[PDB]
């Protein structure tokens, strides 16, 4: 619990889990999952939510090391928990169709409810749909998706930020006025729109670029990020509301964002209310 050295990841050459010290600062055995009780669920049985997960665990640092990352299970499973409880189902997809990669070192191992939720969706995480197939026949005007979920963790920084398929999903989302839900580094995916000013003026919270700049000092990552998603989002007309993290969330129209994995629970409450209130419109 003292060591600040990146912990070697045995499965991959020159790849590192977060240091023992960082892990003891940024992870816990149980989540702060709460308030996930909705007396008036959605029972319509139509509306699903599209989950776009990270297919890659190893993120290339500026110093040549791999950060052993993925989707952060708290940023992922907690919003999914509230929405599952609120009545909604999920399809899970990655860009390649390869298994969704979690930061299992951030999993709360003593959390029955979260462990429960993961297990309910484990077959889908372990063998997800391929996004290109989802995009073919599952979107359009007649889509059964009421929203898109793009979970966080640094794993979101790979593939998603310039996938032309994430682009099609975001354009669909906006065109059909659907919910877009994301947190932490998830919003890096909104960069897939390229030079489409689709998002101009939108207000979001996200993980601060500045925090990413400091966490390698406690060995959380084995190097620094090769680029800064916050400023680049800023460059496409996004207003970033937050310089720090408090696990807060914000909704601008149908854009729902959380500042960090800590925003996990809150995002779930915010999204649940928004979606429940709209299938009762």
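Numbering follows the first chain given and starts at 1.
For the segment pair 132-140 and 183-191, the entry gives 132-140 the higher mean B-factor, averaged over Cα atoms. Remark: stretch with higher mean C-alpha B factor among 238-246 and 42-50 is 42-50. Taking the deposited Cα B-factors for 218, 28, 61, 256, the highest one is held by 28. Out of 78, 156, 168, 100, it is 78 whose C-alpha atom has the highest B-factor in the PDB entry. Ranked by Cα temperature factor within the chain, residue 252 sits in the middle third according to the deposited record. In this PDB entry, the Cα temperature factor of residue 223 sits in the middle third of its chain's modelled residues. Looking at the C-alpha B-factors along this chain, the one for residue 34 belongs to the highest third.
Placement of the Cα temperature factor of residue 56 within the chain: lowest third of the modelled residues, per the deposited record.
The entry lists a Cα temperature factor for residue 265 that places it in the highest third of the chain's modelled residues.
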